[PDB]
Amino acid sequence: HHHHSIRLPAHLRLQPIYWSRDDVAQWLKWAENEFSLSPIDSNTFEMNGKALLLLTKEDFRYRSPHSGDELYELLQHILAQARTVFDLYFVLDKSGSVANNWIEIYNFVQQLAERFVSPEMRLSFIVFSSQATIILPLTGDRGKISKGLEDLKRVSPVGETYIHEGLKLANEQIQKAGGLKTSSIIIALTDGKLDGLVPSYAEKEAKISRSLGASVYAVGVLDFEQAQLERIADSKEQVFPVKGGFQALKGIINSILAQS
């Protein structure tokens, strides 16, 4: 049948894997009113969206004898709703300077790759030093992404810090994917210590990214050059320190999700 009209509150339209425990509770309140259900206790599902998605339909029925089957099917319909394809490009400094920090860069990327696993996400991994290389071409195939992560872990840092070459490969793929028609995010991990005219080259390439519609983030490693990262990223609000650990990861995750 094609007579379903499920429109969630705007702030609940993100894929349920990103729902907080409070989001789950709000979804229940919305559903009770939308579907004229009997009262749903606010603690019926004391868990976040990742956990909600592990429950079976039987679990829903046990938790809500009056409404669990309907809520489960509602969730399935929400999961089937089309969401805009979102493309994340990681542009990673493998120069000699960040050699003793490669694992820190890799681990930040792995954490973000593990977060952005909803089916509308596609990831690409690029590394740069004296030359830039696409390690993982843009894809939503989680098997290829896992292989891309294994390849990233084996990188041996060496060479100059020619970040413009890495940004160029993100821009080339964004152009091939549709340019302004795409939803594209670049995440550059670097200390931002650029030599010669590389600052000019990098800022030019980043402005090209923005002319293609992309939003540019910079994650700083080591004693990174904050001002330089601010000129590459869209703004200081899109510059995060890799040293901020979970708080920096949460900050950048929320910022990216808020581009949807």
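The first residue of the sequence shown is number 1, and the count goes up from there.
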query: With respect to the recorded C-alpha B factors, which stretch has the higher mean value, 207-215 or 52-60?
result: 207-215
query: Would 160-168 or 97-105 have the larger average of its C-alpha temperature factors, as given in the entry?
result: 97-105
- request: Could you tell me which one of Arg122, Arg115, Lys147, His77 shows the highest CA temperature factor in the PDB record?
  value: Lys147
- line: The residue of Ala188, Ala177, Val127, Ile185 with the maximal C-alpha B-factor according to the PDB record is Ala177
query: Lowest, middle or highest third: where is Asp141 by C-alpha B factor in its chain?
result: highest
- line: Chain thirds by Cα B factor, record data; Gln26 belongs to the lowest
query: By its CA B factor, does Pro241 count among the lowest, middle or highest third of the modelled residues in the chain?
result: middle
- prompt: Split the chain's modelled residues into thirds by Cα B-factor; is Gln228 in the lowest, middle or highest one?
  reply: middle
field: Chain thirds of CA B-factor: placement of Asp87
entry: middle
